[PDB]
Structures are given as C-alpha cells and as structure tokens.
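Here the structure is laid out as structure tokens; the discussion comes afterwards.
So basically every Cβ, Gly included, is an ideal-geometry build from the backbone, and we count neighbours across all protein chains shown. Values quoted throughout were computed directly from the atomic coordinates according to the rules given, and no laboratory measurement underlies them.
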Amino acid sequence: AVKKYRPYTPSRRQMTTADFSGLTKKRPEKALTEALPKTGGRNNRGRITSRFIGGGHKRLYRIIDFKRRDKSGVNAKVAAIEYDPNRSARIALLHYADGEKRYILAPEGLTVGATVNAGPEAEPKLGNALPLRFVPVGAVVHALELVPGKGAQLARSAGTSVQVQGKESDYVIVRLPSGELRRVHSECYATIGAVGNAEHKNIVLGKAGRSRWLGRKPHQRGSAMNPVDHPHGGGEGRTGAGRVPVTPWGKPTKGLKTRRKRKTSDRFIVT
Amino acid sequence: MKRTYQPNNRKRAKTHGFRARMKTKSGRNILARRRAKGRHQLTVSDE
RNA sequence: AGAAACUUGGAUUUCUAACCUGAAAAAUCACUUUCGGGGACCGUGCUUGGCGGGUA
RNA sequence: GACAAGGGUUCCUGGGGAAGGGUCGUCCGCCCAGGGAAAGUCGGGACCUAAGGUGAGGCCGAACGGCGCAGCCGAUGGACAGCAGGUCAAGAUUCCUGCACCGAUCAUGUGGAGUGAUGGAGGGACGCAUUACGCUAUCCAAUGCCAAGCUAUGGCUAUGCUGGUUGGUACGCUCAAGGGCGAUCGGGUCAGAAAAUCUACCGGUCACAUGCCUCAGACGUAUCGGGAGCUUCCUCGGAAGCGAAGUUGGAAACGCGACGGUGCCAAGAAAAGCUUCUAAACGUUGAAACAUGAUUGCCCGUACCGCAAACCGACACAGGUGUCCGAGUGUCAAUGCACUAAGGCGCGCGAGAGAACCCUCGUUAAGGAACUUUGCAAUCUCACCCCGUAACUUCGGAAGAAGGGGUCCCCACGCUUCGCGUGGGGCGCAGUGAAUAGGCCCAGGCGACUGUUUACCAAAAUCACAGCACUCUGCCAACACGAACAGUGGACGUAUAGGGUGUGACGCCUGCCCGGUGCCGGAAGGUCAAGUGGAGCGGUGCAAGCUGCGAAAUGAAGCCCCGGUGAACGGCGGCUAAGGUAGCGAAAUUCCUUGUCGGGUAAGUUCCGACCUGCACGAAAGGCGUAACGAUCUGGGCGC
RNA sequence: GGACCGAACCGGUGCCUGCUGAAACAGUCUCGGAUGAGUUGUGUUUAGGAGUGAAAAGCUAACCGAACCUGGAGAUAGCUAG
Ligand SMILES: CC[C@H]1OC(=O)/C=C/[C@H](C)[C@@H](O[C@@H]2O[C@H](C)C[C@H](N(C)C)[C@H]2O)[C@@H](C)C[C@@H](C)C(=O)/C=C/[C@H]2O[C@@H]2[C@]1(O)CO[C@@H]1O[C@H](C)[C@@H](O)[C@@H](OC)[C@H]1OC
Ligand SMILES: [Mg+2]
Ligand SMILES: [Mg+2]
Ligand SMILES: [Mg+2]
Ligand SMILES: [Mg+2]
Ligand SMILES: [Mg+2]
Ligand SMILES: [Mg+2]
Ligand SMILES: [Mg+2]
Ligand SMILES: [Mg+2]
Ligand SMILES: [Mg+2]
Ligand SMILES: [Mg+2]
Ligand SMILES: [Mg+2]
Ligand SMILES: [Mg+2]
Ligand SMILES: [Mg+2]
Ligand SMILES: [Mg+2]
Ligand SMILES: [Mg+2]
Ligand SMILES: [Mg+2]
Ligand SMILES: [Mg+2]
Ligand SMILES: [Mg+2]
Ligand SMILES: [Mg+2]
Ligand SMILES: [Mg+2]
Ligand SMILES: [Mg+2]
Ligand SMILES: [Mg+2]
Ligand SMILES: [Mg+2]
Ligand SMILES: [Mg+2]
Ligand SMILES: [Mg+2]
Ligand SMILES: [Mg+2]
Ligand SMILES: [Mg+2]
Ligand SMILES: [Mg+2]
Ligand SMILES: [Mg+2]
Ligand SMILES: [Mg+2]
Ligand SMILES: [Mg+2]
Ligand SMILES: [Mg+2]
Ligand SMILES: [Mg+2]
Ligand SMILES: [Mg+2]
Ligand SMILES: [Mg+2]
Ligand SMILES: [Mg+2]
Ligand SMILES: [Mg+2]
Ligand SMILES: [Mg+2]
Ligand SMILES: [Mg+2]
Ligand SMILES: [Mg+2]
Ligand SMILES: [Mg+2]
Ligand SMILES: [Mg+2]
Ligand SMILES: [Mg+2]
Ligand SMILES: [Mg+2]
Ligand SMILES: [Mg+2]
Ligand SMILES: [Mg+2]
Ligand SMILES: [Mg+2]
Ligand SMILES: [Mg+2]
Ligand SMILES: [Mg+2]
Ligand SMILES: [Mg+2]
Ligand SMILES: [Mg+2]
Ligand SMILES: [Mg+2]
Ligand SMILES: [Mg+2]
Ligand SMILES: [Mg+2]
Ligand SMILES: [Mg+2]
Ligand SMILES: [Mg+2]
Ligand SMILES: [Mg+2]
Ligand SMILES: [Mg+2]
Ligand SMILES: [Mg+2]
Ligand SMILES: [Mg+2]
Ligand SMILES: [Mg+2]
Ligand SMILES: [Mg+2]
Ligand SMILES: [Mg+2]
Ligand SMILES: [Mg+2]
Ligand SMILES: [Mg+2]
Ligand SMILES: [Mg+2]
Ligand SMILES: [Mg+2]
Ligand SMILES: [Mg+2]
Ligand SMILES: [Mg+2]
Ligand SMILES: [Mg+2]
Ligand SMILES: [Mg+2]
Ligand SMILES: [Mg+2]
Ligand SMILES: [Mg+2]
Ligand SMILES: [Mg+2]
Ligand SMILES: [Mg+2]
Ligand SMILES: [Mg+2]
Ligand SMILES: [Mg+2]
Ligand SMILES: [Mg+2]
Ligand SMILES: [Mg+2]
Ligand SMILES: [Mg+2]
Ligand SMILES: [Mg+2]
Ligand SMILES: [Mg+2]
Ligand SMILES: [Mg+2]
Ligand SMILES: [Mg+2]
Ligand SMILES: [Mg+2]
Ligand SMILES: [Mg+2]
Ligand SMILES: [Mg+2]
Ligand SMILES: [Mg+2]
Ligand SMILES: [Mg+2]
Ligand SMILES: [Mg+2]
Ligand SMILES: [Mg+2]
Ligand SMILES: [Mg+2]
Ligand SMILES: [Mg+2]
Ligand SMILES: [Mg+2]
C-alpha cells in the first residue's frame, strides 16, 4: 500500500510515495487554519540555531485539539480524514452535536462517519478520549497528556502506540514508544488505539529534491570542513581523531539528561 | 559585472538617515561628531 | 541502666500556604478563582573540589 | 517601442563656441536666458494587512541597553469610479471635444417605516502540470469594395501596379460557446463570550436533464470619432477646410469567457473593503432605499534619459541593469536562422599605400597525425522523412547506437487540407542548393545518478545527494543564540520525532584484536576539598579572660580498581591484545621498475590482460562488483 | 518526469585574443543547465573571533587564516636606510 514507479528516470527507480486513497479530498477548512506557517530557519536574534533548516513548500497550520476536554459527554461525527502538511499523522475533522468543527489526530483504523466521544463516562472505543484511570490494563492508546490539561504530548507521530502497564494510586504506569517506562497521572486523558498512517516509515524519498521539498537542507559533514570550522575537519586526506560533535562532546554515549525532578517519575528508562 | 553601488532612495534613507542616526546612541554620537567638525550636513538625510 | 520534657542535628517518608507550572471568561502580564500537577525538589545567590583546546 | 529603479532640467525655443567632445566643429547630453511639467477616475496618501520594525502595560539586564501581548508602522501583495479622439516648439486616461462613471452634502417627490456596531457569520482566501469548447487582439489571400494616377525598357494597357478597408457609446424579442447557482420548515443547547431573524450540525420537502442567472464575443440600427488622400496659403516649409470603402475566405494568444475539466503531492498568506445578525442607541407623524436637480471633488508623482552618451562602471567605457509589447516572407514548429516593415542607426579622427611581422578569415597538389606532452587546434558530422541498429542491462535503457536511402521544378491521378502519396517528365557539379543545426566507435581508472564549489590561474576523482549504521534526547527534550531564573530556535514538532557523527544509488557482503584511550555500567577496597570536630602546642595578663597554631574521626563528585564496549579513537609485525575472513593486488597504493609473460604496434618507459615477490591493499576514513550518467581522467580504432 | 534537443535566462568548459585592456576578470568561437536541489524583482533579517558557507579558510562593498574607520599611538623595531 504505497506507490512505486517504473525506472523511467534514474531517480524514480527507488522513489516511493504514500497512499492517498483513504484521504478525503477537501480544503483544510477555513477558520480552523491559522495558516501563518511562517517558515523560520534561524533563531530569535537572527543567528542560526538548529542547523540546516531551509524553505520547502509553504504550509498552513491546522489547529488540532490536543486536549479534547471541554466536549465531555458530547458525541461527534467523523467528517473526513485529510492530509496535514505539518504532522506526519493524518487529522480527522469532527462535527460535534454542538455543531462546531474541530480537528483531531487520526487513529489507525478510524473509518469516516464513525461516532466518537470524550469524557470519563466514555467506553474505551477506538478514537475515544478518556482518562488513564479508566483505561483497562494493557490497552493501546495515543495522544496522551503529560499532565491533566495542557494537552497531549507523548504519542503523536504515526504508528506510535503507548500501552498501559499497571496502576499505582493516583498514577498509572505506561510504556512509551521509546520503550521507557513512565509513571503518569491517572487524570491525564488519552485516546484509544495506535496513531494511524502506520506505514509512513517505509516511504523512501528517491532524490535530493525530496529532502529539499520537506524543508531539510544539505547537511555538511565535519570531516569535509577545515580545522577553523569544526573539530573533525582539516588534515590532508580523510579521517578524524577522538570523535566529537560540532562544538565538542561525545556523540557516542554521553548521557545528556540532567538530575531533575522528572527523574523520579519513570522506571527503567533505557531504550 | 554588476558593481558595488546600486542606488536606492529608500535604502539610503533607511540606513544612514537622520532618523536612523538619532535612534541609536552611537549614531547620535556621529551627529555630535559631525556638528562639531562643522560638516555641511553630515546626516545623509536631505543633506 | 528504665520514663517524661526542652531539643538540636542526620537519613526514609509524606504533606502544603513558599516557589515552578497548566487549562478557564480576558492570547505576553495581572487577576480571581475551579482548580490541576510538581514541590522544599528545581532555579537562582555565595563558597568547595573535578572535568574543561570550547576559548584565551 | 512602453515602463519601474536611478539620474536631476539633461526636455523645447533663441542664442554661444573658452573649456568637456579622443580630430574638427558653424554642432552637442557642453555655456547663457526664457518657456514646458495640469488628474475625483492612472501609481501612492487621507484604506488594509506579510516578513520585518516598533511597542503603554509587562519580562530581563554593571551602565548605555535586550525582550515582549494588544496595538501601531511596513508593498513586493489585497481593495478601488473613464473610455474615444484632438492637439503646444516642448504635457496629456491630467488640457480641449463627445459621451460615462464614483462617493459626499443638500432640495423635490416615491416610500412608507426601521437603522442596524470597536462583537458573531460568511466571503475576500490562492498550489503545480496538463487540457476540451467559444472568442478577441492580431496576421494572411483575393478578379470584394474605395482612391490615385501612370504607364513606355521586349511585353502588360488591367482581372497590371501602389495605398486603404474601422474605434467608443447606446438601443436591439438577433446569434452565441462558455461560466455561477440550491430553496425552504423546524430541533438541539451542549456550538459561535451573551444575544441573533445571521452561521455551524441534525432532521421533514423538491433538490433527474432540467430549471433558472450570466454575457465573452458576434450581427444590426444609430451615433461620436477615425480614415487613404484631396483643396487652398505658404514667411522654406508648415497651417486650416473637406473625406471614399469599410467585402468574402482563412490563421491565432500566454489575452477574454472563468473562480471551467482532469491528474498530482511536496498540500499551496493576512487583514480591510464586501454580504448577512444582533447588543447598545435613536426611531417608531418626520425611517431605509430609489429617482431627479444641484454644489462638491484635498495632498503627492507626471518634463527628459531610461539595454543607455542622460542609471552602476573615475570616461560620450564592447561590461552590468527587473517587467511589458516586439509585424512580414521562407523553413515540420519557434521569440531559431536568413532577408526585411514600422522605427532606429553607420558606433565623433581622416586620407593614402598594398613591405617584413601580428590578428581574424577563404582555398589548397601528393600524403593523412608522420605534429605533439595530448589530434591542442581546425576539418570532417550536421535539419527533417524513411529503412536499419550491437555487446551489456537495474529491462527503463544504452540509441540519434552503428549503417544505408530520400530531399529540386513541372504535369496527371489519388487522399484527411496547409499539405502528402503515387506515376511520368525537366534541369544543374550540386536540390535542408544560401543561413541555422551531432563525427563516430572499442576499452579502462574515479565517482552511482541530476545537482554544488575555489567572485579574479583549480569544476574535479571535491562538497552535497537518496539509502545505511551508531549514539543522544520523555518535552521547560537533547542541542544551539543569549547581559539573563528574560526571550527565542528546536517546534505551535513528540521516538514512524528531533540533534550529532561517519558512510554515500543498487548487488554480494562487512573478518581477527577490549592491552592503551573515550564511552557505558559496577562498586569490597585505596585516594580526595571546603565544612563539622577540636585532642593538644604557644603568646600576653597577677586574674578573670583575650588570643596564634593545630591532630585524630568524619567529609562529595572525581581518579586508582573491576566488567563490557569496533559502521568508538584505534591496531592486524620482526631474517605486545592480537596478528588479515571474503574480496582485490606492480593498483589514483609498487620503492627495486620500463618487474615477468602475453595483447595491441613495423617499433609500446604509457595502456589491456594474467601472475604474484602487496617496499608500505582490504572490508560503512567501508571491500569487491555494477547498467545509466560525465565540458571527468587514461589507451586504442575508424572518418577528416 | 531532480527525462531528452534547444532560444530566452542562469553558467563559465577548451583555445585564441586581450596584458600601460574596450574591461582592475572581458571578447569572438566552443561548451554546461534549461519544470527544477530552477531563474529574478521588491521589502527585510544575520558581522568581526562574529555572520554566513551542497565546504574553497570561500564570501562578509574591486588583495579576508580573521573587514573597514577612528582611536591607544610618535605602539615596539638587538633590523635597513638617512
Ligand atoms: C601578466 C599578468 C599579470 O602579471 C603576472 O601574472 C605576473 C607577472 C610577473 C612575471 C611576476 O614576476 C615574477 O615573480 C616571481 C616571484 C619571480 C620572477 N623573477 C625571477 C624575475 C618574476 O618575473 C610578477 C610577480 C611581477 C610583479 C611586477 C607583479 O606583481 C605584477 C602584477 C600584475 O601586473 C601584472 C599582470 O600583467 C596583470 O595582469 C592582470 O591579469 C588579470 C587576470 C587581469 O584581470 C588584469 O587585472 C585587472 C591584469 O592586470 C591586473
Ligand atoms: Mg507499477
Ligand atoms: Mg556558525
Ligand atoms: Mg544524511
Ligand atoms: Mg577541505
Ligand atoms: Mg586547505
Ligand atoms: Mg578546534
Ligand atoms: Mg591519507
Ligand atoms: Mg581530524
Ligand atoms: Mg554547536
Ligand atoms: Mg546643508
Ligand atoms: Mg527626506
Ligand atoms: Mg573553583
Ligand atoms: Mg592555543
Ligand atoms: Mg589543558
Ligand atoms: Mg524617478
Ligand atoms: Mg536637444
Ligand atoms: Mg571650439
Ligand atoms: Mg564664453
Ligand atoms: Mg576639440
Ligand atoms: Mg583639433
Ligand atoms: Mg541648443
Ligand atoms: Mg495597519
Ligand atoms: Mg504582525
Ligand atoms: Mg524590540
Ligand atoms: Mg512581534
Ligand atoms: Mg503595490
Ligand atoms: Mg481603479
Ligand atoms: Mg489606489
Ligand atoms: Mg475629465
Ligand atoms: Mg505640432
Ligand atoms: Mg513627450
Ligand atoms: Mg489619449
Ligand atoms: Mg434586520
Ligand atoms: Mg483554444
Ligand atoms: Mg494578384
Ligand atoms: Mg491591392
Ligand atoms: Mg461590419
Ligand atoms: Mg485592523
Ligand atoms: Mg512622458
Ligand atoms: Mg521629475
Ligand atoms: Mg556602454
Ligand atoms: Mg539579465
Ligand atoms: Mg509574437
Ligand atoms: Mg518573426
Ligand atoms: Mg514563421
Ligand atoms: Mg535573430
Ligand atoms: Mg535610441
Ligand atoms: Mg580544384
Ligand atoms: Mg583516410
Ligand atoms: Mg616526433
Ligand atoms: Mg607520434
Ligand atoms: Mg605520449
Ligand atoms: Mg578539439
Ligand atoms: Mg540479453
Ligand atoms: Mg530493447
Ligand atoms: Mg556509452
Ligand atoms: Mg539517452
Ligand atoms: Mg545531369
Ligand atoms: Mg537527385
Ligand atoms: Mg541549405
Ligand atoms: Mg557559412
Ligand atoms: Mg592505471
Ligand atoms: Mg559525480
Ligand atoms: Mg577560480
Ligand atoms: Mg560569489
Ligand atoms: Mg575555470
Ligand atoms: Mg522561563
Ligand atoms: Mg566520503
Ligand atoms: Mg570492521
Ligand atoms: Mg604491466
Ligand atoms: Mg611508480
Ligand atoms: Mg607483437
Ligand atoms: Mg609488452
Ligand atoms: Mg603520462
Ligand atoms: Mg595490469
Ligand atoms: Mg585504502
Ligand atoms: Mg574504516
Ligand atoms: Mg567509497
Ligand atoms: Mg573497485
Ligand atoms: Mg554534471
Ligand atoms: Mg584533460
Ligand atoms: Mg582519446
Ligand atoms: Mg531536465
Ligand atoms: Mg558560480
Ligand atoms: Mg554571460
Ligand atoms: Mg549536451
Ligand atoms: Mg542533462
Ligand atoms: Mg571562533
Ligand atoms: Mg572582495
Ligand atoms: Mg570604488
Ligand atoms: Mg589584517
Ligand atoms: Mg613608528
Ligand atoms: Mg603607549
Ligand atoms: Mg615586539
């Protein structure tokens, strides 16, 4: 379920592109779209900060409802499912019985025109948004809140599950997509099921221009540079001694986490 | 062979203009410096 | 050597007004507040020692 | 030819002639003086918002200062009412002429009541490629029309020749492709802060073609212009009057109908004007809105140069400079090439001479790369039809492989026209008759590929690239800018994500060595700062006391110590921790070297293939292959 | 369609010519790209140990292994000139 091409050009031989047939063809829905992509490659005072950002196709923002808390007890019909330029994880338009539209993340397997619901009295159906205290053990969910309110944060890229583990009082163990175990407040909301578009990993951008269309820009190696520019660079011929990043450090196995209050709220983080 | 100086009335008025010097302290220092030399308007705005 | 009290310190723990932080009619800030979560931690101020071609 | 930028009177007239002008100069973009520049409708402003800037309050900060919401500024974009002509020496959608339109204020009447926001709704609100129908600009033909006259060289006596052949407006039961369309009643409060007769959702009803609505544009009638020319004056050459015709056939946009259709993924501003709703307020005798008359129309820009002698280049400089129009004939097409129209120019020293030599060209006997570092350079090839076309391959390609043929004029016949096929005939050395137009092939090294780079000696085998791997980061993320508990980037992102690093399509693969170093983990022991501790030692005082010094014990991270770790830094040898698994090897690596054999050549220090004796190959500083690609580098061959 | 040929346009491959140039980087010829990682206008943001950089120590107003201007400043000059 992904497009391919005859080698009619050297670069179409490997290029592959995602299936769109399930996406409703419709404009992003005005007023739910603050647009203002305002692409910005640099940093607050004109310096570049994350290297190598660069212009790609202009985007508009779709305002997702990442909390889904104020519509508790209120059914919503699935209007359509759509491309989102900025999310890697298709959105689902929602027509509430209130008669107000709102975007959501698209759960894998959420068919158009299904009814979905929010709030503590909400059966653990696909696409429902309910608190972790009410999620049955072992259930797979996405779109979960790190804190009660403030919105979801941890399971949002396509194919990202977070499976419930145990239940300490006022808290709930969970397995993050990274595999780390995390205590999380039972008052946080989450949505049932995995994120959709699960096969997004396997698209292969067949040429340079593709990474450019995505707004990634050519990414220099240090070894190509000069001593002035980067530690690996310089020397006649090719190599490097000590292995370190841009400004110096490990890139192998220097732990980067500090000694925070968060460190008490997760079991066995590694991998 | 495009050369270094490509005129532009808004460019020149914007950088170098009297409102631009007066803005920053060090520009107002250029203003006091030129007045002290008695320049025929060093200020670039409307000479 | 056994009890009470004044306790003063250390560690486990737990709590909530300091402090951090998030949603709500008022987008940064202030407010009430429901509240929510964190929480004497972190942040920061002074001082101790280690690392420190990133720089000089 | 018309503009923007930029320049600044360079424009027009009348004068001038020192200097500028590469010579001259009576001339000039030079000198002097005088004049010229006209806007309710074109562009901007009294309208709007983007990036960005700025910012009361607010968040930071040795000072100065840095941030930052609303708000405000900011066109390169949104919105918005006029067209056709005439004409100063010099302006013109600005003035004059003919007709038109837009808002405002007021007056007469109709109307007859509701108007309806700093707030809601909807809408303005958008991509890329390709494409059907109709049409205009606009261009072409003619024995259509109109006007002028002549013609002669040999002929034509006009069915020859030259020129011209409609723009605006208004009406029109005339033709007309294309294009836009739901209407409504009620329900839910949980939706738009509240409200709402507006919008969103739900449901009852027709929502077939249709049916409305729309005119691009055409035809017609009228009308205001224009119109080839003609008439007279003429102060050197201008001025004023009059004015025919307007056919039929064909071609055609990137413009118009438009916000059409279809497909695609990388998923294509905002805000006001605008249309709906109400709150509040006034009003419900005198409202909205309509019509007719009137008065009203502010500020800035308009000259001239504007692919260049008027702008950037010190120059009247062979350079550079964003947009728009850019006719004709021929030629598959075209903005190409050749000639040419309108229009613009002959480049501000000139004349002779026809030596050496130097530049840019034309031809060349016989030979044909013998030249040379090298076929460097310059030939050869060349367009469009037709036939034909290899190893190898990722089955797309290599491919315009290679190679061969045709190409002009006339007649007849056929056909889907312009045009083409067929048959016959003619002419020249020659028929893409001139101009624009690939030389090809075999075989290697390197990189897969398109791309990128040393502005001004290097375009590459360099960078990047898709793909691969390690490692980090749980979100106020890791990392990065930063006076800083500010703010910001990462990112309005969330492990299918983001940072860092090395490798570098694809295929088969990626070995041995954890001793040293880095990293990750361990933790019995050794060690280790300040601080807590205060044994004891000393000064001074008669004393109380005041005072200098200071030991054990205890006290973190860190290092010693232990284990692991290689797409971590690394190592894989000498007549240590290990010592090269596959692959390749005289190589972009080979010193001895022109290694030895073979191939190619008459002859081969180069190049191909083998061997291995690898001075000093080898597996993601990747090993070995690989079709295709290449202004890459190397050796051969054909052609010239 | 980071497909082909090829004008505009962007570029700068090889030779010659120019070398007190027509020009402080050019001309003729030839050559690369030419729907894309494309070309270009206006507005605007990032700068000195700093910015940028498909990476040359390139570029940062005609000579960048650390710009220009002013200042310390008559730096210091075991060196050369006079
Ligand atoms: C010929 C081209 C240029 O010269 C050279 O390359 C070289 C010239 C000499 C031979 C050389 O001497 C040699 O040095 C050696 C170290 C030693 C040797 N000894 C043994 C004698 C000596 O012989 C030099 C250093 C001498 C020195 C006076 C000098 O520096 C001259 C500089 C420039 O004027 C010259 C140019 O003529 C300018 O040409 C420019 O080319 C550009 C591409 C153009 O764009 C244009 O630029 C706008 C143009 O004009 C600038
Ligand atoms: Mg297929
Ligand atoms: Mg940097
Ligand atoms: Mg990469
Ligand atoms: Mg380098
Ligand atoms: Mg170097
Ligand atoms: Mg360094
Ligand atoms: Mg080396
Ligand atoms: Mg190095
Ligand atoms: Mg860094
Ligand atoms: Mg003055
Ligand atoms: Mg001014
Ligand atoms: Mg210290
Ligand atoms: Mg140093
Ligand atoms: Mg050191
Ligand atoms: Mg101007
Ligand atoms: Mg003149
Ligand atoms: Mg004179
Ligand atoms: Mg005089
Ligand atoms: Mg003279
Ligand atoms: Mg003279
Ligand atoms: Mg004159
Ligand atoms: Mg504004
Ligand atoms: Mg703004
Ligand atoms: Mg500011
Ligand atoms: Mg701002
Ligand atoms: Mg504008
Ligand atoms: Mg208008
Ligand atoms: Mg306007
Ligand atoms: Mg008028
Ligand atoms: Mg006249
Ligand atoms: Mg004029
Ligand atoms: Mg006119
Ligand atoms: Mg009403
Ligand atoms: Mg058409
Ligand atoms: Mg005729
Ligand atoms: Mg005629
Ligand atoms: Mg007619
Ligand atoms: Mg506004
Ligand atoms: Mg003019
Ligand atoms: Mg002017
Ligand atoms: Mg010139
Ligand atoms: Mg140009
Ligand atoms: Mg044309
Ligand atoms: Mg033509
Ligand atoms: Mg033609
Ligand atoms: Mg031409
Ligand atoms: Mg001219
Ligand atoms: Mg002959
Ligand atoms: Mg021969
Ligand atoms: Mg010889
Ligand atoms: Mg020879
Ligand atoms: Mg040789
Ligand atoms: Mg050659
Ligand atoms: Mg085969
Ligand atoms: Mg085949
Ligand atoms: Mg080939
Ligand atoms: Mg090909
Ligand atoms: Mg013959
Ligand atoms: Mg013949
Ligand atoms: Mg020819
Ligand atoms: Mg010729
Ligand atoms: Mg070789
Ligand atoms: Mg390459
Ligand atoms: Mg160079
Ligand atoms: Mg440059
Ligand atoms: Mg070069
Ligand atoms: Mg903060
Ligand atoms: Mg590499
Ligand atoms: Mg290995
Ligand atoms: Mg050999
Ligand atoms: Mg050798
Ligand atoms: Mg032989
Ligand atoms: Mg031999
Ligand atoms: Mg050689
Ligand atoms: Mg060999
Ligand atoms: Mg090697
Ligand atoms: Mg390696
Ligand atoms: Mg390699
Ligand atoms: Mg190889
Ligand atoms: Mg290339
Ligand atoms: Mg070469
Ligand atoms: Mg060769
Ligand atoms: Mg192409
Ligand atoms: Mg370049
Ligand atoms: Mg050029
Ligand atoms: Mg080519
Ligand atoms: Mg190509
Ligand atoms: Mg530095
Ligand atoms: Mg420079
Ligand atoms: Mg200069
Ligand atoms: Mg210097
Ligand atoms: Mg001195
Ligand atoms: Mg001093
Ligand atoms: Mg010194």
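Any residue at all in the range A:105-124 that's surrounded by fewer than 16 Cβ atoms within 10 Å (Cβ to Cβ), of a type in the set (A, V, I, L, M) and either away from chain B (no Cβ under 14 Å) or more than 15 Å from residue A:65 (Cβ to Cβ) (or both)? Yes, that holds for at least one residue.
Determine, yes or no, whether residue A:92 is outside any loop (DSSP other than H, G, I, E, B), closer than 17 Å to residue A:155 by Cβ and either within 16 Å of ligand 5 (Cβ to nearest atom) or more than 14 Å from chain B (Cβ to nearest Cβ) (or both). Give the derivation first.
On the way: outside any loop (DSSP other than H, G, I, E, B): yes; closer than 17 Å to residue A:155 by Cβ: yes; either within 16 Å of ligand 5 (Cβ to nearest atom) or more than 14 Å from chain B (Cβ to nearest Cβ) (or both): yes.
Spelling it out, residue A:92 is indeed outside any loop (DSSP other than H, G, I, E, B), closer than 17 Å to residue A:155 by Cβ and either within 16 Å of ligand 5 (Cβ to nearest atom) or more than 14 Å from chain B (Cβ to nearest Cβ) (or both).
Of all residues being part of a loop (DSSP other than H, G, I, E, B) and in contact with a helix residue (DSSP H, G or I) (Cβ under 9 Å, 6 or more places away or on another chain) in the range A:1-51, which is farthest from RNA strand D (Cβ to nearest atom)? Just the residue, please.
First pass over the range A:1-51, keeping only residues part of a loop (DSSP other than H, G, I, E, B): A:1, A:4-16, A:19-51.
If we keep only those that are in contact with a helix residue (DSSP H, G or I) (Cβ under 9 Å, 6 or more places away or on another chain) too, we end up with A:1, A:11, A:15-16, A:19.
Working: A:1: 12, A:11: 5, A:15: 7, A:16: 8, A:19: 8 Å.
Filtering the range A:1-51 for residues that are part of a loop (DSSP other than H, G, I, E, B) and in contact with a helix residue (DSSP H, G or I) (Cβ under 9 Å, 6 or more places away or on another chain), the one farthest from RNA strand D (Cβ to nearest atom) comes out as A:1.
Note on the range A:148-217: enclosed strands (runs of 3 or more DSSP E) holding 3 or more residues that are within 16 Å of RNA strand C (Cβ to nearest atom) and closer than 19 Å to residue A:263 by Cβ are A:171-175, A:181-185. For the range A:174-214, filtered to residues that are closer than 20 Å to residue A:125 by Cα and among the small types (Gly, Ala, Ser), the residue that is farthest from RNA strand E (Cβ to nearest atom) is A:186. I'd like the full set of residues that are over 22 Å from residue A:51 (Cβ atoms) and part of a helix (DSSP H, G or I), limited to the range A:219-271. A:261, A:262, A:263, A:264, A:265, listed by residue number.
Taken together, the criteria exclude residue B:40 from residues that are away from chain A (no Cβ under 14 Å), on the phi > 0 side of the Ramachandran plot and not in a helix (DSSP H, G or I). Screening residue A:198 on (1) within 7 Å of RNA strand D (Cβ to nearest atom); (2) more than 29 Å from residue A:85 (Cβ to Cβ) shows it passes everything except condition (2).
Would you confirm whether or not the range A:216-235 contains a residue that is under 23 Å from residue A:177 (Cβ atoms) and surrounded by fewer than 14 Cβ atoms within 10 Å (Cβ to Cβ)? Looking for residues that are under 23 Å from residue A:177 (Cβ atoms) and surrounded by fewer than 14 Cβ atoms within 10 Å (Cβ to Cβ), one finds none in the range A:216-235, hence no.
Taken across the range A:241-264, residues that are away from ligand 10 (no atom under 16 Å from the Cβ) and surrounded by 13 or more Cβ atoms within 10 Å (Cβ to Cβ) do not occur at all.
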